[PDB]
Amino acid sequence: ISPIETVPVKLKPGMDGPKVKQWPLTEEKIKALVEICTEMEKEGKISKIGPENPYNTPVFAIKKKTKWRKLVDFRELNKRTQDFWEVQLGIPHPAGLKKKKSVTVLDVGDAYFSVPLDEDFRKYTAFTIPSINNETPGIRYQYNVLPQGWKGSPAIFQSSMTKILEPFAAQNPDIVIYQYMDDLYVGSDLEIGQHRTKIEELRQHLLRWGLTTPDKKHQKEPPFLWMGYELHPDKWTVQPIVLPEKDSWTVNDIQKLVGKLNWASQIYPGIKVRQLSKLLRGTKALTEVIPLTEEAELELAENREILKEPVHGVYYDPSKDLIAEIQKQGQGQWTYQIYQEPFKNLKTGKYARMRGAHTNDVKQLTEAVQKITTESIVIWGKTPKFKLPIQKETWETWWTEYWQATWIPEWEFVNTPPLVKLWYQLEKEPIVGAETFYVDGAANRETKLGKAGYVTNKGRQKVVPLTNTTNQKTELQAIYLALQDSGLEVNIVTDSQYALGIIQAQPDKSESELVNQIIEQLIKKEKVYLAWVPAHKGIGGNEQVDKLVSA
Amino acid sequence: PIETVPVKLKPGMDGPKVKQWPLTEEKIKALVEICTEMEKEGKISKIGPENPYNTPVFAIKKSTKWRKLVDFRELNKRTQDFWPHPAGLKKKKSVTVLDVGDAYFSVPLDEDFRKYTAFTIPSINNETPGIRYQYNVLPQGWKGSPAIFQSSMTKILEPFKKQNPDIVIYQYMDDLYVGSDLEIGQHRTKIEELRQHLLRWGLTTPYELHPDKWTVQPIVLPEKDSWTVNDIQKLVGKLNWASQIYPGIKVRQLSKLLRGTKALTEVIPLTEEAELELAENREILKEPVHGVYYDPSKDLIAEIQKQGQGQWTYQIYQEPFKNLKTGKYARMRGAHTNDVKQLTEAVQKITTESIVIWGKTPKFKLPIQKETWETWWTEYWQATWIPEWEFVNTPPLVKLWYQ
Ligand SMILES: C=CC(=O)Nc1cc(Oc2ccccc2OCCn2ccc(=O)[nH]c2=O)c(C)c2cc(C#N)ccc12
């Protein structure tokens, strides 16, 4: 049976076929292998070969607790076979499908065994059925079709199925045919009767090419449980998420937990996973017990509250607009919904990455819009309209003053607190009448001891001692000291490019508590101007604090 | 043209396997039309799953018709070298760039090498497997196409070069660079003569520069009627920054004016010694640097800074603080511009100048988020080549110094 063209297959350059010896088997397994192999030989899937085939691959027989299954271990051959065009790794997302009036699942029976294998390659699939106690030579076989477990079977089967479907699809443009592994998914808007007729036509075509489909009425009806999804006629959702309850948690338990939460976040709005991944920050052995943080406990509890209610998503309509909304979830965490109709979400999602030690709400919002843009291009092939809780003044000021280039989509402001805002803004010019603090900090790089001090133009000077610190942290601590001992308006002069860079970025959240305290001080201020001078240049003001903090 | 040039890869190197980027339905449809017509013309052919190689493709505009752009950067990295750049091209008064890539579609590609040109038209939402092709002819954007076509190009250009000995012609990838010192009308007339000469010999050619005005920008210092303490601090910081490049800069007399602990807004009169020192420092910055020289073995690096109000500074160097070139790019707003458009145009201009001066593209350090650039860089890309790039994540605390 070779109406299907074979795909030319080569071994990796410089490699020969596998010669793995056959493990001895029990008499019952040998009997099962003999009967199965005679049935396959009648069907043309395998052929007995002469004695001059030097290659061999181990064979096995098992029955998972009635039917017997033959299994072949192609690990060596797979190591020795060429690479293929990568079979589809990413599955479609259910929110990208268009609602169909009639829908059908066709499971292809014995898919791989229905496609012929390249002739010149068949010799490398040789295997041996062992004789009883090695009295006589075992039986030598080789495959004529795509073996189950071989490296090239999925890609070659998919290609062959595509070429087989091309004519039928050409004669039926009103029928949508998807292929995935050994499954076909057929959809149409025709009448249910003539839809069944078209399904029967496709079944007869595939059968003419040697591919069997569900002979009776097809065993699979809605809802379809597929890859952790429930696919209903008018909606889709995820299969039920079950979060474990444990006294102690290992790295593995937390990894699977954040995995299930990630999986739920695509339709359940409000899922948070930041504190638990913070528990995974150590990244050590999978059996190491990790103690849960209070924030992780609260996070998991809120997630349990969210997963208590059932949620579902709808399918896509190309004639309606695509809309995305973003809401702030708290400390650096964001949630979003993508929909076409007000309360019918296509899907949901989250964004909680800092991608840096410090950031602000506007930057994170822009990054979330970026992620939604990429996901929308992937799933629907277009970018959505954005409804965002930020005003044009805030965002325009930010992206205008931002040193880095950014792409701002078209969006309408939706007044739904909490709104995204600039908690503070540094001054662009020095402040008249405000006290000028010259600040400096230093630390002994061996003893880790240090100090932070200031000298002002009013004649005020101060030094505060510090233990277990570094020079950069003493620079930040000096800025903080100036903020603490100043009025509502203050000019600050520093020689640290590190601290200057941290403050100029204008963050409103940080991983270090010192920068958080500086942020609170800045929010409580009215006007703050920060200036920089090169160190050890005798500028004046800076030299006094340098000599003061060095002494 | 039956005889194909045998092409190899560098020893111990396999073909490219680069991820295809997701595209909108518009670009996918455009690529399907383009690739269907190219397939009817025998330029590309469909391939089976025994081909594991891949090269990304994109759709651009360059006109209202869509154009196909192939990112052969990886294949170019992995392709064998083939058996020059004139230094006088940058001295010419006018240089015009002509697209001669269509000619490459007249030459067949080595049959054993075609599998390495494989590319994929992606599907939306991974619903169907992508449409996979390979090239049967020399493709545009591959470094082997101008090398294999080089003899034919020399043969076609030989008469025109004979008539015009003082006109410089340098080829880079799909582009011909034609430079002359003639008047602009004479120059454009010669360009049209070359165009018609190429056309009547079957070389279809469906942007003129002036490198005579290019230069390394000098460091500029402020001029003020009244200086504050903050202003003098800025000036001393900038002069201290420039002292790494220029040796003779002095700040002693200028910093002397700030002795004490003064308020930032206090007005400070420029004394005689500080004003003469600032003037001397202005004269020092008029000269170019001493020992900066180009190394053909080292990579070219281009840095860009966003200056606001549509202004972007850039530096091309090979070693830090050894700027081979510096420049400032500007664009009239018109309420139709944005950061990504200006940055893309800047990258293309910098790359063009780099090709004219040194004959290769630089490595870009782009002040943008990776995914944003990867999302929108094709919307304004008009060139046929693609340079290497990375993404800086630290703000330049020197934006004001190059400003
Ligand atoms: C992410 C990909 C995805 O979910 N692919 C799938 C698509 C599909 O049907 C369609 C076939 C052609 C065009 C659109 C289709 O569905 C549109 C939406 N839809 C879904 C269900 C339903 O009853 N009615 C309805 O309109 C079916 C029957 C699938 C069955 C399995 C199983 N097992 C797995 C995946 C399937």
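These values consider heavy atoms only, across backbone and side chains, with no hydrogens, waters or symmetry-generated copies. Throughout, a chain's letter reflects where its sequence line sits, starting with A, and its residues are numbered from 1. Atoms within each ligand, like the ligands themselves, are counted from 1 in listed order.
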Task: Any A:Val105 heavy atom less than 4.0 Å to ligand 1 - done: yes
Task: Closest heavy-atom pair and its distance - B:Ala118, B:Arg132 - done: CB-NH2, 3.5 Å
Open item on the list: Starting from atom 1 (C) of ligand 1, what is the nearest protein heavy atom, named by residue and atom, and what distance separates them?
Closed with: A:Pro92 O, 3.1 Å
Open item on the list: Just checking A:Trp236 against A:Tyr316, ring centres under 6.0 Å apart?
Closed with: no
- [ ] Examine the proximity of ligand 1 to A:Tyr180 and report which part, side chain or backbone, both or neither, has a heavy atom under 4.0 Å away.
- [x] neither
Task: Nearest neighbour in protein (non-hydrogen) for atom 3 (C) of ligand 1 - done: A:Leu97 CD1, 3.4 Å
- [ ] Run down the list A:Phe224, A:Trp236, A:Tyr315 and name the one with the heavy atom closest to atom 33 (N) of ligand 1.
- [x] A:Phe224
Task: A:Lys100: numbered ligand 1 atoms lying under 4.0 Å from its heavy atoms - done: 13 (C), 14 (C), 26 (O)
- [ ] Please state whether A:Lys98 comes within less than 4.0 angstrom of ligand 1, counting heavy atoms only.
- [x] yes
TODO: Can you pull out the closest protein heavy atom to atom 9 (O) of ligand 1? Residue, atom name and distance to 0.1 Å, please.
DONE: A:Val103 CG2, 3.2 Å
Open item on the list: Could you identify the single nearest non-hydrogen protein atom to atom 6 (C) of ligand 1 and state the distance to 0.1 Å?
Closed with: A:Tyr185 CD1, 3.7 Å
Open item on the list: Are B:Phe119 and B:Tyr135, when compared by the centres of their aromatic rings, separated by less than 6.0 Å?
Closed with: yes
Open item on the list: Surrounding NZ of A:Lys278 (heavy atoms of other residues, nucleotides or ligands, distance under 6.0 Å), is the total greater than 12?
Closed with: yes
Open item on the list: Check this for me: A:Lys98, atom NZ, are more than 12 non-hydrogen atoms of other residues, nucleotides or ligands nearer than 6.0 Å?
Closed with: yes
- [ ] For A:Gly187, counting its heavy atoms only, list the atoms of ligand 1 lying under 4.0 Å from any of them.
- [x] 11 (C), 12 (C)
Open item on the list: I need the minimum non-hydrogen distance between A:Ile192 and A:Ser102, along with the two atoms involved.
Closed with: CA-OG, 4.0 Å
Open item on the list: Please classify the A:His232 to ligand 1 contact at 4.0 Å (heavy-atom distances, strictly less than): side chain, backbone, both or neither.
Closed with: backbone
- [ ] Inspect the surroundings of NZ in A:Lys371 and state if more than 12 heavy atoms from other residues, nucleotides or ligands are less than 6.0 Å away.
- [x] yes
Open item on the list: Any donor-acceptor pair under 3.5 Å linking the side-chain atoms of B:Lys19 with those of B:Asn54?
Closed with: no
- [ ] For atom 25 (C) of ligand 1, find the nearest protein heavy atom and state the residue, atom name and distance (0.1 Å precision).
- [x] A:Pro233 O, 3.7 Å
TODO: Quick one: list whatever passes salt bridge (charged side-chain N to carboxylate O under 4.0 Å, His left out) with B:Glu374, sequence neighbours left out.
DONE: none
Open item on the list: Counting only heavy atoms closer than 4.0 Å, does ligand 1 sit against the backbone of B:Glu127, its side chain, both, or neither?
Closed with: neither
Open item on the list: For A:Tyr178, which part has a heavy atom under 4.0 Å from ligand 1: side chain, backbone, both, or neither?
Closed with: side chain
